[PDB]
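Undergrad: One structure is given below, represented as structure tokens, and several questions about it will come after.
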Amino acid sequence: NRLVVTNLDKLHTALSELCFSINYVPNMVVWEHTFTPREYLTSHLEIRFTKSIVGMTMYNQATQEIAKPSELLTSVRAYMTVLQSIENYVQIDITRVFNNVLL
Amino acid sequence: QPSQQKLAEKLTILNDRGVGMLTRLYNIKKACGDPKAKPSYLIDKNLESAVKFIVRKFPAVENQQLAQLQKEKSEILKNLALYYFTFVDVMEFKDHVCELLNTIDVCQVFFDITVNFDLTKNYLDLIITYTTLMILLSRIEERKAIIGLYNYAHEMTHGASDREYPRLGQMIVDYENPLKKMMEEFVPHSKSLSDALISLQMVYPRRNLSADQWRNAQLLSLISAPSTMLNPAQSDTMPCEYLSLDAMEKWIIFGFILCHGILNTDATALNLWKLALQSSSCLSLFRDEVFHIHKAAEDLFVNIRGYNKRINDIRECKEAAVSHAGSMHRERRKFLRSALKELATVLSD
Amino acid sequence: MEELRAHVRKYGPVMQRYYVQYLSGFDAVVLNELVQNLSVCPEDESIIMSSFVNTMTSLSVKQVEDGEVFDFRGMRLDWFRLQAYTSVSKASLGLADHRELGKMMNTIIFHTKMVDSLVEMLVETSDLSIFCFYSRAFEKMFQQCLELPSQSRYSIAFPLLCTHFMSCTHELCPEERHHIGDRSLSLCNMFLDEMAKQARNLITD
Amino acid sequence: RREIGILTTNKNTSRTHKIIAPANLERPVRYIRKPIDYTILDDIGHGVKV
Amino acid sequence: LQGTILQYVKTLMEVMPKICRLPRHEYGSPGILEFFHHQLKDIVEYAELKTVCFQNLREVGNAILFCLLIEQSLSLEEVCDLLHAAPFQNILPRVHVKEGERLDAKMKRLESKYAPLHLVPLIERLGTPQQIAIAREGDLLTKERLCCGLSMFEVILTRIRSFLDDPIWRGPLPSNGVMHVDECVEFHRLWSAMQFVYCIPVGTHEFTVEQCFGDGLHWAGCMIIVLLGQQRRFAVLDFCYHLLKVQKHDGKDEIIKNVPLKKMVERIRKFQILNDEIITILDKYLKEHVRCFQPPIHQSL
Ligand SMILES: [Cl-]
């Protein structure tokens, strides 16, 4: 039943609602300056993807611990699947953020 | 010579000028309200004694008190000239308005918002701009100190007082309680002003209805009568249909104060004023500077003899505004979200 | 409100076309029918009213198609002037005895605005530059919008409102213009950054 | 590639800056006092002279 | 679409009430619910609505979903291929620039380091005409992928639209010369009746529409509406959305014809959310002159 609301339902709905706003207008002109909302999203996704990848490596100098490469790769793939879906909501090229971050 | 009085031109130019003056005065009030933005001569602990002297003796211009002021005379003239000559421009604006209002009285002008919309609207805008400008001025507490300091520095530089000071000093004092002064000043304006304001009964009341009544009329619905979607949306009072309710409310509230006589003689005028008094608790003087209606109106009316019936009206209207206005406006916003959503969507389709 | 404003800006030519036809093909007929039925009015007034009719008839949809910039400031000020001439006491043409003339003319003036004043009309009826002077409330409303999923849909309204800020300025106070300008840019940037950060946070989750 | 190519179209996605400042920044204008002038509308419509 | 769905749409459009007005707020939400129950009784009681109509739509939805999701997987596959191709294809990521260095200075210097890995130039230097030609062809196949500048879902949708040429999807021309309002002669109106049915709460031990068909059902129904350009009129004229709107206003809660109103409007909101997401997605991927009207004309001319 759709009345039973999962955490993922809440996150998914909140994401789609907000992306409607971010994708609503290609740009706006405020005092002759041009602002492009999607470019704020692109930039943050690049930085966040980088941040999460290094995070999921779980590297600790002092204890000499690090993630099993297979487990890191599994998580990176899940991330990429979710990130790819953003193209459903916003006129952004996620391929090029993948390129930027992963290379 | 009534067709060479250039009312349309004079009203347009003065109305625009007044907005500019309100904007300039707004910025003086904010800067002088903020101790970090105030001119340094008003903060300085050394000059406060010289300032106290000027303020107490204002407007009379004339020592160990002006000792500190003596050496800083050129800097005072330099840094207070912007503020001083703004006050000068407020006075000149006032003189121009008073002259135009007198001319209109003499011309015995027919005023009807549903007929000569532009003439009526401009006439009312100017009176309200004038009124709100004088009230705003009265809130600039440091205005005497500023005008004085500039002039006192002027007379110990060039010998005598500034050209405009005598008349400026007088305006400051005469309008210290701006609405009291203006109520007596508008006695001769009262006939034409009440005529213009009374014409508002054809618009304001029907524009000031509830969300419930908006639903009954299916207000702004394009689809309530499907066969009329091609037919133009029109009335014989087009500019009246979108004229700001907020603007009208100020016209009514201040306007009827200015021709108070009509509030005792005319029930139509009284009931109009009260409808407006029931709808808000405060009005916008300019931007975020607000005027608290019922307190200020009571203060004025308690000091006049023949209007000690009006205090009851004000207080009854005050309670209604505090109790019911909030919720009435809340329901309007709910209705408008639905109506604007549906309207935007149909129009996009 | 922003959607309605956007319709007016995008489909301006639609509105101009409709109202140039209205002015030329209907308003001009009824105004002519009314003016010719006036028995007595001075030359100054008569020159003005015939110029209304002349202006309206000389319009065509072709001018819209060609993308011409219309100007009716003259016509509107003349109606204002005519109001003043016909409203003073002992006027040879008394507007109080010709109420239907004023009502017809006010309609016609609205029509001229639908041609040349659509940008100005949006400012008149919907400017919200006021938020510049209620910055605390503006930001608080934004936060409240973001934290409520069903309202965050509309969060783009806040950066869009920043475009209004310049409308609050006047040629007689240029001292404040740049300060208000810089405020509109700073707020727009902040709103768009915060919207992006929240989408980023939801994606991470 | 030819077979899958039949099912493709160009994706109209491009990159730009977050904020683009105008080519020319607005010049700050100095405040000059000038008197009320009732003639500035005489050339608009059917004007009347003093 | 042109077979069994068309057949049932044509059938149900006739069973559908000729005219159905959205009752004014004043009647109250309970009465509006009762009104819809009565007006849409024959759609509600239609025995094969789920077994045939919802079933066939779910299949359309699942098919269109498969295309979207397979394109996304392909894009993920291509981007990973290209990342591994990069070192042999001269493609370098942006490098960090310390103070006193230039971006162009180090990028050229890093290009020198990985020059022995640049495949085509090396073979052009040391390989045979046969080797060179194969490498040149191979390089072109490796760099030119769909993710680089091409997409498919738009083409999928554009082509499905051409399957809806039958006159009963859009119906007759509007009486008012603008749009239908009270008439039920467009698909979106039938979908609104179907939505009414699936929003009705069922027993606590009964399976729901979402348990039986999942999202595919709504993807199909919404796809038809979008491709017919009926999504704005659906948003305005939908029965359930109207009931939700009025209930929000009056806050009444009654059990009308065994349908607890509060529960009903809660479900409507859930499907409204889903529909808006789907419609928005379809519109996004589906990335001029408008019909103008005549102002009144005087008898004079
Ligand atoms: Cl500010």
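Ordering of the structure tokens sets the chain letters (A, B, ...); residue numbers start at 1 within each chain; ligands are numbered from 1 in the order shown.
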At a cut-off of 7 Å and counting only C-alpha atoms and all ligand atoms, what residues surround ligand 1? Please answer as a PyMOL selection string.

TA: chain C and resi 132-133+180+183

Undergrad: Go ahead and write the selection's residues with N, CA and C atoms as a PDB file, in the first residue's frame.

TA:
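part_8.pdb was written with the following content:
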```pdb
ATOM      1  N   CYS C 132      13.021  42.787  -0.276  1.00  0.00           N
ATOM      2  CA  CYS C 132      14.342  43.379  -0.076  1.00  0.00           C
ATOM      3  C   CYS C 132      14.462  44.001   1.321  1.00  0.00           C
ATOM      4  N   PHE C 133      13.335  44.493   1.836  1.00  0.00           N
ATOM      5  CA  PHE C 133      13.284  45.186   3.122  1.00  0.00           C
ATOM      6  C   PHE C 133      12.665  44.321   4.221  1.00  0.00           C
ATOM      7  N   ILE C 180      21.173  47.638  -3.138  1.00  0.00           N
ATOM      8  CA  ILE C 180      20.015  46.782  -3.388  1.00  0.00           C
ATOM      9  C   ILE C 180      20.343  45.759  -4.474  1.00  0.00           C
ATOM     10  N   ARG C 183      22.478  43.084  -3.069  1.00  0.00           N
ATOM     11  CA  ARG C 183      21.626  42.264  -2.211  1.00  0.00           C
ATOM     12  C   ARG C 183      20.839  41.235  -3.026  1.00  0.00           C
TER      13      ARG C 183
END
```

Undergrad: Compile the contact shell of residue 97 in chain C as number ranges by chain: residues with an atom at most 12 Å away, counting only C-alpha atoms, same-chain residues fewer than 6 positions apart removed.

TA: B: 110, 115; C: 38, 86-87, 89-91

Undergrad: Hey, what's within 6 Å of range 11-26 of chain D if we count only C-alpha atoms and toss same-chain stuff fewer than 6 positions away? As a compact mmCIF listing (two decimals) with C-alpha atoms, in the first residue's frame, please?

TA:
```txt
# COMPACT_ATOMS: atom_id res chain seq x y z
CA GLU A 32 21.85 41.97 -15.77
CA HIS A 33 23.71 38.98 -14.26
CA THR A 34 22.67 35.54 -15.57
CA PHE A 35 22.13 32.71 -13.07
CA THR A 36 21.92 29.05 -14.13
CA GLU A 39 25.05 24.43 -12.73
CA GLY E 149 25.93 13.09 -27.30
CA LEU E 150 23.00 10.81 -28.14
CA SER E 151 19.86 9.55 -26.37
```

Undergrad: Can you work out which residues from chain B touch chain C at a cut-off of 6 Å (counting only C-alpha atoms) and hand them back as a list in words?

TA: residues 3, 8, 20, 24, 107, 108, 109, 110, 115, 116, 118, 236, 238 and 344 of chain B

Undergrad: Kindly provide, as a ChimeraX atom specification, the residues of chain A having any atom no farther than 7 Å from an atom of chain C, counting only C-alpha atoms.

TA: /A:11,14-15,17-18,20-22,29-31,37,40-41,44-45

Undergrad: Atoms to include: N, CA and C atoms. Write the selected residues as an mmCIF file, in the first residue's frame.

TA:
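Saved result, again_12.cif, follows:
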```cif
data_model
loop_
_atom_site.group_PDB
_atom_site.id
_atom_site.type_symbol
_atom_site.label_atom_id
_atom_site.label_comp_id
_atom_site.auth_asym_id
_atom_site.auth_seq_id
_atom_site.Cartn_x
_atom_site.Cartn_y
_atom_site.Cartn_z
ATOM 1 N N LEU A 11 12.580 10.149 0.576
ATOM 2 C CA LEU A 11 13.763 10.700 -0.080
ATOM 3 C C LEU A 11 13.528 10.903 -1.575
ATOM 4 N N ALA A 14 10.960 13.839 -2.144
ATOM 5 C CA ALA A 14 11.603 15.113 -1.839
ATOM 6 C C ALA A 14 12.590 15.489 -2.936
ATOM 7 N N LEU A 15 13.264 14.485 -3.499
ATOM 8 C CA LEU A 15 14.222 14.724 -4.576
ATOM 9 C C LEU A 15 13.539 15.192 -5.858
ATOM 10 N N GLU A 17 10.516 16.501 -6.232
ATOM 11 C CA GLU A 17 9.851 17.786 -6.010
ATOM 12 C C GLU A 17 10.835 18.940 -6.173
ATOM 13 N N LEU A 18 12.000 18.811 -5.551
ATOM 14 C CA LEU A 18 13.018 19.853 -5.613
ATOM 15 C C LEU A 18 13.664 19.981 -7.000
ATOM 16 N N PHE A 20 12.192 19.501 -9.793
ATOM 17 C CA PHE A 20 11.227 20.257 -10.581
ATOM 18 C C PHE A 20 11.579 21.742 -10.537
ATOM 19 N N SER A 21 11.892 22.240 -9.340
ATOM 20 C CA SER A 21 12.284 23.638 -9.149
ATOM 21 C C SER A 21 13.627 23.978 -9.790
ATOM 22 N N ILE A 22 14.626 23.129 -9.561
ATOM 23 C CA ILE A 22 15.963 23.327 -10.125
ATOM 24 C C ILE A 22 15.949 23.308 -11.663
ATOM 25 N N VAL A 29 17.744 36.201 -15.100
ATOM 26 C CA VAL A 29 18.538 37.429 -15.138
ATOM 27 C C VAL A 29 18.182 38.336 -13.960
ATOM 28 N N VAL A 30 19.135 38.483 -13.044
ATOM 29 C CA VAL A 30 18.999 39.352 -11.884
ATOM 30 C C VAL A 30 20.013 40.476 -12.021
ATOM 31 N N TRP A 31 19.515 41.704 -12.176
ATOM 32 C CA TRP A 31 20.357 42.895 -12.367
ATOM 33 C C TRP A 31 21.436 42.654 -13.430
ATOM 34 N N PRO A 37 20.583 27.722 -12.558
ATOM 35 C CA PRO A 37 20.354 26.849 -11.399
ATOM 36 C C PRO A 37 20.979 25.451 -11.503
ATOM 37 N N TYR A 40 24.586 24.815 -10.367
ATOM 38 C CA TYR A 40 24.838 24.694 -8.933
ATOM 39 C C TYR A 40 24.738 23.229 -8.532
ATOM 40 N N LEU A 41 23.778 22.516 -9.127
ATOM 41 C CA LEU A 41 23.608 21.091 -8.870
ATOM 42 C C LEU A 41 24.771 20.253 -9.421
ATOM 43 N N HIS A 44 27.928 20.681 -7.229
ATOM 44 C CA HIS A 44 27.815 19.984 -5.946
ATOM 45 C C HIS A 44 27.866 18.458 -6.073
ATOM 46 N N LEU A 45 27.319 17.930 -7.166
ATOM 47 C CA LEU A 45 27.354 16.490 -7.427
ATOM 48 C C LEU A 45 28.768 15.993 -7.717
#
```

Undergrad: Go through chain E residue by residue and, counting only C-alpha atoms, keep those with an atom at most 7 Å from chain A; for each kept residue give the shortest atom pair and its distance in Å to one decimal, ordered by chain and increasing number, as a Markdown table.

TA:
```
| residue | atom | partner | partner_atom | distance |
| --- | --- | --- | --- | --- |
| E:72 | CA | A:84 | CA | 6.8 |
| E:79 | CA | A:95 | CA | 6.5 |
| E:83 | CA | A:103 | CA | 6.5 |
| E:93 | CA | A:103 | CA | 5.8 |
| E:147 | CA | A:95 | CA | 6.8 |
| E:208 | CA | A:1 | CA | 6.5 |
| E:210 | CA | A:1 | CA | 6.7 |
| E:211 | CA | A:1 | CA | 6.9 |
| E:267 | CA | A:3 | CA | 6.6 |
| E:270 | CA | A:2 | CA | 6.6 |
| E:277 | CA | A:16 | CA | 6.5 |
| E:281 | CA | A:88 | CA | 5.6 |
```

Undergrad: Store the residues picked out above, limited to C-alpha atoms, as a PDB file, in the first residue's frame.

TA:
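Written file, selection_12.pdb:
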```
ATOM      1  CA  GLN E  72      20.660   3.999 -18.487  1.00  0.00           C
ATOM      2  CA  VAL E  79      31.148   5.640 -19.593  1.00  0.00           C
ATOM      3  CA  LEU E  83      37.401   5.746 -18.790  1.00  0.00           C
ATOM      4  CA  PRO E  93      42.061  14.677 -16.307  1.00  0.00           C
ATOM      5  CA  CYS E 147      26.599   8.565 -23.956  1.00  0.00           C
ATOM      6  CA  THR E 208      -4.188  -3.092  -3.918  1.00  0.00           C
ATOM      7  CA  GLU E 210       0.079  -1.045  -6.570  1.00  0.00           C
ATOM      8  CA  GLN E 211       0.583  -4.566  -5.204  1.00  0.00           C
ATOM      9  CA  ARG E 267      -4.404   7.745  -1.529  1.00  0.00           C
ATOM     10  CA  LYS E 270      -0.032   9.518  -3.248  1.00  0.00           C
ATOM     11  CA  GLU E 277       6.758  12.801 -11.155  1.00  0.00           C
ATOM     12  CA  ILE E 281       9.882  12.994 -16.482  1.00  0.00           C
TER      13      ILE E 281
END
```

Undergrad: Taking only residues of chain D that have an atom at most 10 Å from an atom of chain B, what is each one's shortest atom pair and its distance in Å to one decimal, using only C-alpha atoms, in chain and number order, as a Markdown table?

TA:
```
| residue | atom | partner | partner_atom | distance |
| --- | --- | --- | --- | --- |
| D:31 | CA | B:82 | CA | 9.5 |
| D:33 | CA | B:85 | CA | 8.6 |
| D:34 | CA | B:89 | CA | 9.5 |
| D:35 | CA | B:89 | CA | 8.5 |
| D:36 | CA | B:17 | CA | 7.8 |
| D:37 | CA | B:13 | CA | 7.9 |
| D:38 | CA | B:10 | CA | 6.2 |
| D:39 | CA | B:9 | CA | 8.1 |
| D:40 | CA | B:13 | CA | 8.3 |
| D:41 | CA | B:9 | CA | 6.5 |
| D:42 | CA | B:9 | CA | 8.2 |
| D:47 | CA | B:9 | CA | 9.0 |
| D:48 | CA | B:4 | CA | 7.4 |
| D:49 | CA | B:4 | CA | 8.4 |
| D:50 | CA | B:4 | CA | 8.0 |
```

Undergrad: Filtering to N, CA and C atoms, could you give me those residues as a PDB file, in the first residue's frame?

TA:
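Below you can see result_30.pdb, which holds the result:
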```
ATOM      1  N   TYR D  31      24.158  61.730  -7.456  1.00  0.00           N
ATOM      2  CA  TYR D  31      22.919  62.466  -7.214  1.00  0.00           C
ATOM      3  C   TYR D  31      23.104  63.978  -7.354  1.00  0.00           C
ATOM      4  N   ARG D  33      20.864  67.570  -7.407  1.00  0.00           N
ATOM      5  CA  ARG D  33      19.584  68.217  -7.132  1.00  0.00           C
ATOM      6  C   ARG D  33      19.144  69.071  -8.312  1.00  0.00           C
ATOM      7  N   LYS D  34      17.907  68.864  -8.748  1.00  0.00           N
ATOM      8  CA  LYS D  34      17.279  69.744  -9.727  1.00  0.00           C
ATOM      9  C   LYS D  34      15.831  70.037  -9.337  1.00  0.00           C
ATOM     10  N   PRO D  35      15.387  71.289  -9.549  1.00  0.00           N
ATOM     11  CA  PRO D  35      14.050  71.735  -9.161  1.00  0.00           C
ATOM     12  C   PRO D  35      12.921  71.026  -9.903  1.00  0.00           C
ATOM     13  N   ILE D  36      11.729  71.080  -9.314  1.00  0.00           N
ATOM     14  CA  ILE D  36      10.513  70.596  -9.946  1.00  0.00           C
ATOM     15  C   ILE D  36      10.254  71.391 -11.228  1.00  0.00           C
ATOM     16  N   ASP D  37      10.135  70.668 -12.337  1.00  0.00           N
ATOM     17  CA  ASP D  37       9.960  71.251 -13.660  1.00  0.00           C
ATOM     18  C   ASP D  37       8.661  70.725 -14.256  1.00  0.00           C
ATOM     19  N   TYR D  38       7.721  71.633 -14.499  1.00  0.00           N
ATOM     20  CA  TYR D  38       6.396  71.256 -14.982  1.00  0.00           C
ATOM     21  C   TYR D  38       6.271  71.205 -16.512  1.00  0.00           C
ATOM     22  N   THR D  39       7.401  71.276 -17.215  1.00  0.00           N
ATOM     23  CA  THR D  39       7.398  71.305 -18.686  1.00  0.00           C
ATOM     24  C   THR D  39       7.870  69.998 -19.323  1.00  0.00           C
ATOM     25  N   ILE D  40       8.355  69.070 -18.499  1.00  0.00           N
ATOM     26  CA  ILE D  40       8.968  67.828 -18.995  1.00  0.00           C
ATOM     27  C   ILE D  40       8.002  66.855 -19.690  1.00  0.00           C
ATOM     28  N   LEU D  41       6.706  67.163 -19.670  1.00  0.00           N
ATOM     29  CA  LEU D  41       5.704  66.332 -20.351  1.00  0.00           C
ATOM     30  C   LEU D  41       5.020  67.044 -21.528  1.00  0.00           C
ATOM     31  N   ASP D  42       5.459  68.269 -21.823  1.00  0.00           N
ATOM     32  CA  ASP D  42       4.867  69.091 -22.883  1.00  0.00           C
ATOM     33  C   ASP D  42       5.047  68.514 -24.293  1.00  0.00           C
ATOM     34  N   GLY D  47       0.629  68.676 -25.765  1.00  0.00           N
ATOM     35  CA  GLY D  47       1.125  69.517 -24.677  1.00  0.00           C
ATOM     36  C   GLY D  47       0.643  70.955 -24.709  1.00  0.00           C
ATOM     37  N   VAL D  48       0.771  71.628 -23.570  1.00  0.00           N
ATOM     38  CA  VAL D  48       0.379  73.033 -23.435  1.00  0.00           C
ATOM     39  C   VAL D  48       1.482  73.836 -22.736  1.00  0.00           C
ATOM     40  N   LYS D  49       1.831  74.984 -23.317  1.00  0.00           N
ATOM     41  CA  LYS D  49       2.962  75.787 -22.849  1.00  0.00           C
ATOM     42  C   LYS D  49       2.528  76.931 -21.928  1.00  0.00           C
ATOM     43  N   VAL D  50       3.440  77.353 -21.055  1.00  0.00           N
ATOM     44  CA  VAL D  50       3.197  78.461 -20.124  1.00  0.00           C
ATOM     45  C   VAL D  50       3.193  79.825 -20.828  1.00  0.00           C
TER      46      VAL D  50
END
```

Undergrad: What are the residues of chain B that have an atom within 10 Å of an atom of chain E, counting only C-alpha atoms, as a ChimeraX atom specification?

TA: /B:212,215-216,218,223-232,331,334-335,338,341-349

Undergrad: How about saving the chosen residues, N, CA and C atoms kept, as a compact mmCIF listing (two decimals), in the first residue's frame?

TA:
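Saved the output as out-v3.txt:
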```
# COMPACT_ATOMS: atom_id res chain seq x y z
N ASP B 212 -15.11 33.00 1.14
CA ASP B 212 -16.43 32.40 0.96
C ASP B 212 -17.22 33.06 -0.17
N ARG B 215 -15.64 32.22 -3.52
CA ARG B 215 -16.07 30.90 -3.99
C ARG B 215 -17.47 30.92 -4.58
N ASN B 216 -18.36 31.71 -3.97
CA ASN B 216 -19.73 31.85 -4.45
C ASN B 216 -19.77 32.47 -5.85
N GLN B 218 -17.27 32.25 -7.85
CA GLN B 218 -16.24 31.50 -8.57
C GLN B 218 -15.23 32.45 -9.21
N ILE B 223 -13.29 28.27 -16.18
CA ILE B 223 -14.05 27.07 -16.57
C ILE B 223 -15.42 26.93 -15.90
N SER B 224 -15.78 27.90 -15.05
CA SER B 224 -17.08 27.90 -14.37
C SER B 224 -18.24 28.02 -15.35
N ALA B 225 -18.04 28.83 -16.39
CA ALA B 225 -18.98 28.94 -17.50
C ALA B 225 -18.23 28.63 -18.79
N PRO B 226 -18.18 27.34 -19.18
CA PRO B 226 -17.36 26.84 -20.28
C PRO B 226 -17.62 27.47 -21.64
N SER B 227 -18.85 27.91 -21.90
CA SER B 227 -19.19 28.49 -23.20
C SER B 227 -18.70 29.93 -23.40
N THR B 228 -18.16 30.54 -22.35
CA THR B 228 -17.72 31.94 -22.41
C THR B 228 -16.20 32.11 -22.56
N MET B 229 -15.48 31.00 -22.72
CA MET B 229 -14.01 31.02 -22.74
C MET B 229 -13.41 31.90 -23.85
N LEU B 230 -14.18 32.13 -24.90
CA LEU B 230 -13.76 33.00 -26.00
C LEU B 230 -14.09 34.47 -25.72
N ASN B 231 -15.08 34.71 -24.87
CA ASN B 231 -15.55 36.07 -24.58
C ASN B 231 -14.57 36.88 -23.74
N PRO B 232 -14.31 38.14 -24.13
CA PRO B 232 -13.38 38.98 -23.37
C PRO B 232 -13.85 39.20 -21.94
N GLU B 331 -7.71 32.78 4.73
CA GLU B 331 -8.64 32.11 3.82
C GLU B 331 -8.51 32.62 2.38
N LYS B 334 -5.50 30.83 0.72
CA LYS B 334 -5.88 29.46 0.35
C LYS B 334 -6.62 29.46 -0.98
N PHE B 335 -7.58 30.37 -1.11
CA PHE B 335 -8.39 30.49 -2.31
C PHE B 335 -7.54 30.89 -3.51
N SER B 338 -5.33 28.07 -5.13
CA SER B 338 -6.16 27.25 -6.02
C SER B 338 -6.51 27.97 -7.32
N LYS B 341 -3.30 28.73 -9.52
CA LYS B 341 -2.82 27.46 -10.07
C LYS B 341 -3.66 27.07 -11.28
N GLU B 342 -4.97 26.97 -11.08
CA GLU B 342 -5.88 26.62 -12.17
C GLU B 342 -5.78 27.60 -13.33
N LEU B 343 -5.68 28.90 -13.03
CA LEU B 343 -5.58 29.93 -14.06
C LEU B 343 -4.30 29.80 -14.89
N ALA B 344 -3.16 29.67 -14.21
CA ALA B 344 -1.87 29.49 -14.88
C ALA B 344 -1.88 28.27 -15.80
N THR B 345 -2.45 27.17 -15.32
CA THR B 345 -2.47 25.90 -16.03
C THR B 345 -3.33 25.94 -17.29
N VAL B 346 -4.53 26.52 -17.18
CA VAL B 346 -5.41 26.66 -18.34
C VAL B 346 -4.77 27.56 -19.39
N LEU B 347 -4.18 28.67 -18.95
CA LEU B 347 -3.52 29.61 -19.85
C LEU B 347 -2.30 29.00 -20.55
N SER B 348 -1.59 28.12 -19.86
CA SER B 348 -0.43 27.45 -20.45
C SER B 348 -0.86 26.42 -21.49
N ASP B 349 -2.02 25.82 -21.26
CA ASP B 349 -2.61 24.87 -22.19
C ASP B 349 -3.18 25.57 -23.43
```

Undergrad: Within range 138-278 of chain B, find each residue whose DSSP state, derived from the backbone, is helix (DSSP H, G or I), and express the selection as a count of residues only.

TA: 93

Undergrad: Show me, as a list in words, the residues of chain E whose atoms get within 10 Å of chain C, using only C-alpha atoms for the distance check.

TA: residues 273, 289, 290, 291, 292, 293, 294, 295, 296, 297, 298, 299, 300 and 301 of chain E

Undergrad: Could you please take those selected residues and save N, CA and C atoms as an mmCIF file, in the first residue's frame?

TA:
```
data_model
loop_
_atom_site.group_PDB
_atom_site.id
_atom_site.type_symbol
_atom_site.label_atom_id
_atom_site.label_comp_id
_atom_site.auth_asym_id
_atom_site.auth_seq_id
_atom_site.Cartn_x
_atom_site.Cartn_y
_atom_site.Cartn_z
ATOM 1 N N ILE E 273 1.146 12.619 -6.497
ATOM 2 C CA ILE E 273 2.595 12.749 -6.411
ATOM 3 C C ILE E 273 3.258 11.904 -7.501
ATOM 4 N N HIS E 289 3.792 28.476 -33.275
ATOM 5 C CA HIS E 289 2.688 29.444 -33.234
ATOM 6 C C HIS E 289 1.391 28.873 -32.657
ATOM 7 N N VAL E 290 0.810 29.613 -31.717
ATOM 8 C CA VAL E 290 -0.376 29.176 -30.979
ATOM 9 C C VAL E 290 -1.681 29.652 -31.617
ATOM 10 N N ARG E 291 -2.768 28.942 -31.321
ATOM 11 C CA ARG E 291 -4.095 29.326 -31.790
ATOM 12 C C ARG E 291 -4.547 30.635 -31.132
ATOM 13 N N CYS E 292 -4.812 31.639 -31.963
ATOM 14 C CA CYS E 292 -5.256 32.947 -31.494
ATOM 15 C C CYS E 292 -6.745 33.145 -31.736
ATOM 16 N N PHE E 293 -7.334 34.055 -30.969
ATOM 17 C CA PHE E 293 -8.768 34.294 -31.018
ATOM 18 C C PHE E 293 -9.087 35.728 -31.419
ATOM 19 N N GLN E 294 -10.302 35.919 -31.927
ATOM 20 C CA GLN E 294 -10.753 37.210 -32.427
ATOM 21 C C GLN E 294 -11.402 38.037 -31.322
ATOM 22 N N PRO E 295 -11.002 39.318 -31.199
ATOM 23 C CA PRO E 295 -11.732 40.253 -30.347
ATOM 24 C C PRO E 295 -13.103 40.554 -30.958
ATOM 25 N N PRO E 296 -14.086 40.969 -30.131
ATOM 26 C CA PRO E 296 -15.413 41.252 -30.679
ATOM 27 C C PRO E 296 -15.355 42.223 -31.860
ATOM 28 N N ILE E 297 -16.251 42.026 -32.821
ATOM 29 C CA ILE E 297 -16.267 42.838 -34.030
ATOM 30 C C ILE E 297 -17.617 43.539 -34.198
ATOM 31 N N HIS E 298 -17.565 44.837 -34.491
ATOM 32 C CA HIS E 298 -18.764 45.659 -34.650
ATOM 33 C C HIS E 298 -19.419 45.433 -36.016
ATOM 34 N N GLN E 299 -20.745 45.580 -36.069
ATOM 35 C CA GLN E 299 -21.522 45.404 -37.306
ATOM 36 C C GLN E 299 -21.073 46.326 -38.436
ATOM 37 N N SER E 300 -20.475 47.455 -38.059
ATOM 38 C CA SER E 300 -19.940 48.442 -38.997
ATOM 39 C C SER E 300 -19.009 47.817 -40.041
ATOM 40 N N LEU E 301 -18.122 46.928 -39.595
ATOM 41 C CA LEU E 301 -17.174 46.256 -40.485
ATOM 42 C C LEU E 301 -16.868 44.828 -40.040
#
```

Undergrad: So which one's closest to chain D, C:58, C:63, C:143, C:186? Using only C-alpha atoms, please.

TA: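 Under the stated criterion, the closest residue is C:186.
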
Undergrad: List every residue of chain D that has an atom at most 8 Å from any atom of chain C, and for each one report the closest atom pair and its distance in Å to one decimal, counting only C-alpha atoms, with rows sorted by chain and then by increasing residue number, as JSON lines.

TA:
```
{"residue": "D:28", "atom": "CA", "partner": "C:178", "partner_atom": "CA", "distance": 7.5}
{"residue": "D:29", "atom": "CA", "partner": "C:174", "partner_atom": "CA", "distance": 6.3}
{"residue": "D:30", "atom": "CA", "partner": "C:174", "partner_atom": "CA", "distance": 6.9}
{"residue": "D:31", "atom": "CA", "partner": "C:174", "partner_atom": "CA", "distance": 6.4}
{"residue": "D:44", "atom": "CA", "partner": "C:74", "partner_atom": "CA", "distance": 5.1}
{"residue": "D:45", "atom": "CA", "partner": "C:74", "partner_atom": "CA", "distance": 3.8}
{"residue": "D:46", "atom": "CA", "partner": "C:78", "partner_atom": "CA", "distance": 6.4}
```

Undergrad: Write out as a VMD selection string each polymer residue whose atoms come within 12 Å of residue 4 in chain D, counting only C-alpha atoms; drop sequence neighbours fewer than 5 positions from it.

TA: (chain D and resid 9) or (chain E and resid 71 74 145 to 146 150 to 152 155 to 156)
